[PDB]
file my_file23.cif (mmCIF, C-alpha atoms and all ligand atoms)
data_start
loop_
_atom_site.label_atom_id
_atom_site.label_comp_id
_atom_site.auth_asym_id
_atom_site.auth_seq_id
_atom_site.Cartn_x
_atom_site.Cartn_y
_atom_site.Cartn_z
CA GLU L 3 7.87 -7.71 -10.16
CA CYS L 4 6.07 -6.61 -7.02
CA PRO L 5 6.17 -8.42 -3.66
CA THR L 6 3.29 -10.73 -2.83
CA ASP L 7 0.06 -8.75 -2.18
CA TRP L 8 1.40 -5.63 -3.99
CA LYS L 9 0.06 -4.74 -7.43
CA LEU L 10 2.12 -3.38 -10.31
CA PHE L 11 1.09 -0.43 -12.51
CA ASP L 12 3.66 1.15 -14.88
CA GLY L 13 6.76 0.62 -12.71
CA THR L 14 5.24 1.23 -9.23
CA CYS L 15 3.90 -1.30 -6.70
CA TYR L 16 0.69 -0.40 -4.83
CA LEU L 17 -1.12 -1.80 -1.79
CA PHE L 18 -4.50 -0.98 -0.24
CA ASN L 19 -4.41 -0.87 3.57
CA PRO L 20 -8.00 -1.33 4.72
CA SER L 21 -7.19 -0.60 8.38
CA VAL L 22 -8.73 2.72 9.32
CA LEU L 23 -5.93 4.97 10.62
CA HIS L 24 -5.13 8.68 10.91
CA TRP L 25 -2.87 10.05 8.16
CA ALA L 26 0.36 9.72 10.14
CA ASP L 27 -0.40 6.15 11.28
CA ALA L 28 -1.20 5.29 7.64
CA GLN L 29 2.10 6.83 6.44
CA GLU L 30 4.02 4.96 9.17
CA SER L 31 2.32 1.69 8.14
CA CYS L 32 3.38 2.22 4.52
CA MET L 33 6.91 3.05 5.71
CA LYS L 34 7.19 -0.19 7.72
CA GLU L 35 7.11 -1.99 4.29
CA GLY L 36 9.36 0.47 2.46
CA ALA L 37 6.50 2.51 1.02
CA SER L 38 4.83 5.92 1.24
CA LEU L 39 1.23 6.92 0.98
CA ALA L 40 0.73 7.21 -2.77
CA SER L 41 0.79 10.15 -5.16
CA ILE L 42 -1.33 10.36 -8.41
CA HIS L 43 -0.07 11.89 -11.71
CA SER L 44 -2.35 10.61 -14.51
CA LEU L 45 -5.86 9.46 -15.22
CA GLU L 46 -4.68 5.82 -15.74
CA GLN L 47 -2.75 5.82 -12.42
CA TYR L 48 -5.85 7.25 -10.68
CA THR L 49 -8.15 4.57 -12.13
CA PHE L 50 -5.71 1.82 -11.19
CA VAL L 51 -5.53 3.09 -7.61
CA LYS L 52 -9.36 3.41 -7.31
CA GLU L 53 -9.63 -0.22 -8.45
CA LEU L 54 -7.60 -1.30 -5.33
CA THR L 55 -10.07 0.25 -2.87
CA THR L 56 -12.69 -2.59 -2.66
CA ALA L 57 -15.99 -2.66 -4.51
CA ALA L 58 -17.08 0.13 -2.17
CA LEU L 59 -14.24 2.50 -3.42
CA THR L 60 -13.57 3.20 0.20
CA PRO L 61 -12.54 6.77 1.20
CA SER L 62 -8.76 6.54 1.57
CA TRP L 63 -5.68 8.60 2.45
CA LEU L 64 -3.17 9.66 -0.21
CA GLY L 65 0.31 10.98 0.61
CA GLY L 66 -0.47 14.65 -0.02
CA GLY L 67 -1.33 17.80 1.84
CA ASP L 68 -0.77 21.51 2.37
CA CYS L 69 0.00 21.27 6.10
CA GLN L 70 3.15 23.44 6.14
CA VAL L 71 1.95 26.51 4.22
CA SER L 72 -1.68 26.77 3.09
CA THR L 73 -2.17 26.30 -0.69
CA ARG L 74 1.34 24.76 -1.03
CA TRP L 75 0.63 21.11 -1.87
CA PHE L 76 3.28 18.43 -1.57
CA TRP L 77 3.49 14.64 -1.90
CA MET L 78 5.67 12.42 0.39
CA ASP L 79 7.39 10.56 -2.49
CA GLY L 80 9.44 13.35 -4.11
CA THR L 81 6.94 13.92 -6.92
CA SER L 82 5.13 17.22 -7.49
CA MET L 83 1.48 18.12 -7.16
CA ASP L 84 0.28 18.23 -10.81
CA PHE L 85 -2.79 16.00 -11.25
CA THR L 86 -5.67 16.66 -8.82
CA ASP L 87 -9.35 15.56 -8.64
CA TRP L 88 -10.87 17.98 -6.14
CA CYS L 89 -14.53 17.35 -5.30
CA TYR L 90 -16.97 20.26 -5.73
CA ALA L 91 -16.26 22.84 -3.01
CA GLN L 92 -12.69 21.51 -2.42
CA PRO L 93 -9.99 22.16 -1.45
CA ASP L 94 -10.76 24.27 1.60
CA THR L 95 -6.97 25.05 2.01
CA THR L 96 -7.36 25.55 5.76
CA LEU L 97 -4.61 24.08 7.96
CA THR L 98 -7.27 22.31 10.14
CA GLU L 99 -8.08 19.95 7.19
CA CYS L 100 -4.80 19.71 5.30
CA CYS L 101 -4.36 15.99 4.37
CA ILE L 102 -5.62 14.62 1.04
CA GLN L 103 -8.39 11.99 1.18
CA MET L 104 -9.61 10.35 -2.07
CA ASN L 105 -12.85 8.43 -2.90
CA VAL L 106 -14.93 11.11 -1.10
CA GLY L 107 -18.68 11.18 -1.72
CA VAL L 108 -20.72 9.88 -4.68
CA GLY L 109 -18.22 11.52 -7.03
CA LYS L 110 -15.29 9.55 -5.57
CA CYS L 111 -13.09 12.64 -5.54
CA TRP L 112 -10.50 14.43 -3.34
CA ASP L 113 -11.16 16.43 -0.17
CA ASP L 114 -8.59 18.03 2.16
CA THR L 115 -9.45 16.42 5.48
CA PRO L 116 -8.44 16.70 9.17
CA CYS L 117 -5.33 14.55 9.34
CA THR L 118 -6.55 12.89 12.58
CA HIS L 119 -9.59 11.32 10.84
CA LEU L 120 -9.52 7.53 10.42
CA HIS L 121 -9.38 6.17 6.85
CA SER L 122 -8.06 3.28 4.82
CA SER L 123 -5.07 4.17 2.65
CA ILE L 124 -3.01 3.46 -0.47
CA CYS L 125 0.71 2.74 -0.21
CA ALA L 126 3.15 2.85 -3.13
CA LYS L 127 6.80 1.99 -3.71
CA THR L 128 8.88 2.24 -6.91
CA CA G 201 -11.96 19.81 2.84
#
call {"tool": "encode", "arguments": {"input": "my_file23.cif", "output": "structure tokens"}}
result
Amino acid sequence: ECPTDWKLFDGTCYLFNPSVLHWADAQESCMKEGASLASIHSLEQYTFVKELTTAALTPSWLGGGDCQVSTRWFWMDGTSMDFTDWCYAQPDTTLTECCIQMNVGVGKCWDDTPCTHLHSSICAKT
């Protein structure tokens, strides 16, 4: 039920893009194949997504941030910010590091990151 290479979890198709890109390049790459950088809304979705990110659980971009107004988090896929997994000392909430990166540090958790940093990414389409 997903296109070749994409992986199904509860009605949504996901793809890991290993190419290291800034957040906007990563979003554009998802969009070229009809997708967005992913959102996360449950523990099971989160585990499924982590399992796409190589054995290394590579630090990766998600489709979230607070880049318009600090502390106001939004996803790119029309869903709301509900579930989060902030690392200790996150989020900073500063506009200079406003894009959400997952798989950060030993704890494999979220950190609001300068959007120009280069990371792999997770795309999703439903
Ligand atoms: Ca941060």
call {"tool": "residues_near_point", "arguments": {"input": "my_file23.cif", "point": "(-1.2, 6.0, 12.4)", "cutoff": "12 Å", "atoms": "all atoms listed in the file", "output": "PyMOL selection string"}}
result
chain L and resi 19+21-34+39+63+117-123
call {"tool": "write_last_selection", "arguments": {"input": "my_file23.cif", "atoms": "C-alpha atoms", "output": "PDB file, in the coordinates of the input"}}
result
ATOM      1  CA  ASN L  19      -4.410  -0.870   3.570  1.00  0.00           C
ATOM      2  CA  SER L  21      -7.190  -0.600   8.380  1.00  0.00           C
ATOM      3  CA  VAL L  22      -8.730   2.720   9.320  1.00  0.00           C
ATOM      4  CA  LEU L  23      -5.930   4.970  10.620  1.00  0.00           C
ATOM      5  CA  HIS L  24      -5.130   8.680  10.910  1.00  0.00           C
ATOM      6  CA  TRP L  25      -2.870  10.050   8.160  1.00  0.00           C
ATOM      7  CA  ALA L  26       0.360   9.720  10.140  1.00  0.00           C
ATOM      8  CA  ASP L  27      -0.400   6.150  11.280  1.00  0.00           C
ATOM      9  CA  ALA L  28      -1.200   5.290   7.640  1.00  0.00           C
ATOM     10  CA  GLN L  29       2.100   6.830   6.440  1.00  0.00           C
ATOM     11  CA  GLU L  30       4.020   4.960   9.170  1.00  0.00           C
ATOM     12  CA  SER L  31       2.320   1.690   8.140  1.00  0.00           C
ATOM     13  CA  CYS L  32       3.380   2.220   4.520  1.00  0.00           C
ATOM     14  CA  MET L  33       6.910   3.050   5.710  1.00  0.00           C
ATOM     15  CA  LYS L  34       7.190  -0.190   7.720  1.00  0.00           C
ATOM     16  CA  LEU L  39       1.230   6.920   0.980  1.00  0.00           C
ATOM     17  CA  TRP L  63      -5.680   8.600   2.450  1.00  0.00           C
ATOM     18  CA  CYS L 117      -5.330  14.550   9.340  1.00  0.00           C
ATOM     19  CA  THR L 118      -6.550  12.890  12.580  1.00  0.00           C
ATOM     20  CA  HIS L 119      -9.590  11.320  10.840  1.00  0.00           C
ATOM     21  CA  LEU L 120      -9.520   7.530  10.420  1.00  0.00           C
ATOM     22  CA  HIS L 121      -9.380   6.170   6.850  1.00  0.00           C
ATOM     23  CA  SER L 122      -8.060   3.280   4.820  1.00  0.00           C
ATOM     24  CA  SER L 123      -5.070   4.170   2.650  1.00  0.00           C
TER      25      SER L 123
END
call {"tool": "closest_residue", "arguments": {"input": "my_file23.cif", "among": "L:89, L:42, L:15, L:83", "to": "ligand CA 201 (chain G)", "atoms": "only C-alpha atoms and all ligand atoms"}}
result
L:89
call {"tool": "closest_residue", "arguments": {"input": "my_file23.cif", "among": "L:111, L:7, L:116, L:96", "to": "residue L:48", "atoms": "only C-alpha atoms"}}
result
L:111
call {"tool": "residues_near_ligand", "arguments": {"input": "my_file23.cif", "ligand": "ligand CA 201 (chain G)", "cutoff": "8 Å", "atoms": "all atoms listed in the file", "output": "list in words"}}
result
residues 91, 92, 93, 94, 95, 96, 99, 100, 113, 114, 115 and 116 of chain L
call {"tool": "residues_near_point", "arguments": {"input": "my_file23.cif", "point": "(-7.5, -4.7, -3.2)", "cutoff": "12 Å", "atoms": "only C-alpha atoms", "output": "PDB file with C-alpha atoms, in the frame of the given file"}}
result
ATOM      1  CA  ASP L   7       0.060  -8.750  -2.180  1.00  0.00           C
ATOM      2  CA  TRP L   8       1.400  -5.630  -3.990  1.00  0.00           C
ATOM      3  CA  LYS L   9       0.060  -4.740  -7.430  1.00  0.00           C
ATOM      4  CA  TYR L  16       0.690  -0.400  -4.830  1.00  0.00           C
ATOM      5  CA  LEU L  17      -1.120  -1.800  -1.790  1.00  0.00           C
ATOM      6  CA  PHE L  18      -4.500  -0.980  -0.240  1.00  0.00           C
ATOM      7  CA  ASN L  19      -4.410  -0.870   3.570  1.00  0.00           C
ATOM      8  CA  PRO L  20      -8.000  -1.330   4.720  1.00  0.00           C
ATOM      9  CA  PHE L  50      -5.710   1.820 -11.190  1.00  0.00           C
ATOM     10  CA  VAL L  51      -5.530   3.090  -7.610  1.00  0.00           C
ATOM     11  CA  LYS L  52      -9.360   3.410  -7.310  1.00  0.00           C
ATOM     12  CA  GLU L  53      -9.630  -0.220  -8.450  1.00  0.00           C
ATOM     13  CA  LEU L  54      -7.600  -1.300  -5.330  1.00  0.00           C
ATOM     14  CA  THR L  55     -10.070   0.250  -2.870  1.00  0.00           C
ATOM     15  CA  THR L  56     -12.690  -2.590  -2.660  1.00  0.00           C
ATOM     16  CA  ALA L  57     -15.990  -2.660  -4.510  1.00  0.00           C
ATOM     17  CA  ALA L  58     -17.080   0.130  -2.170  1.00  0.00           C
ATOM     18  CA  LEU L  59     -14.240   2.500  -3.420  1.00  0.00           C
ATOM     19  CA  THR L  60     -13.570   3.200   0.200  1.00  0.00           C
ATOM     20  CA  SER L 122      -8.060   3.280   4.820  1.00  0.00           C
ATOM     21  CA  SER L 123      -5.070   4.170   2.650  1.00  0.00           C
ATOM     22  CA  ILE L 124      -3.010   3.460  -0.470  1.00  0.00           C
ATOM     23  CA  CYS L 125       0.710   2.740  -0.210  1.00  0.00           C
TER      24      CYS L 125
END
call {"tool": "atom_distance", "arguments": {"input": "my_file23.cif", "atom1": "atom CA of residue L:87", "atom2": "atom CA of residue L:13"}}
result
22.3 Å
call {"tool": "residues_around", "arguments": {"input": "my_file23.cif", "residues": "residue L:97", "least_positions_apart": "4", "cutoff": "9 Å", "atoms": "all atoms listed in the file", "output": "list in words"}}
result
residues 68, 69, 70, 71, 72, 101 and 116 of chain L
call {"tool": "atom_distance", "arguments": {"input": "my_file23.cif", "atom1": "atom CA of residue L:126", "atom2": "atom CA of residue L:4"}}
result
10.6 Å
call {"tool": "atom_distance", "arguments": {"input": "my_file23.cif", "atom1": "atom CA of residue L:61", "atom2": "atom CA of residue L:79"}}
result
20.6 Å
call {"tool": "closest_residue", "arguments": {"input": "my_file23.cif", "among": "L:38, L:82, L:44, L:62", "to": "residue L:102", "atoms": "only C-alpha atoms"}}
result
L:62
call {"tool": "closest_residue", "arguments": {"input": "my_file23.cif", "among": "L:104, L:36, L:47, L:41", "to": "residue L:12", "atoms": "all atoms listed in the file"}}
result
L:47
call {"tool": "closest_residue", "arguments": {"input": "my_file23.cif", "among": "L:128, L:81, L:103, L:49", "to": "residue L:64", "atoms": "only C-alpha atoms"}}
result
L:103
call {"tool": "closest_residue", "arguments": {"input": "my_file23.cif", "among": "L:107, L:66, L:127, L:45", "to": "residue L:14", "atoms": "all atoms listed in the file"}}
result
L:127
call {"tool": "axis_aligned_box", "arguments": {"input": "my_file23.cif", "around": "stretch 45-54 of chain L", "padding_each_side": "5 Å", "output": "lines of an AutoDock Vina configuration file"}}
result
center_x = -6.2
center_y = 4.1
center_z = -10.5
size_x = 16.9
size_y = 20.8
size_z = 20.4
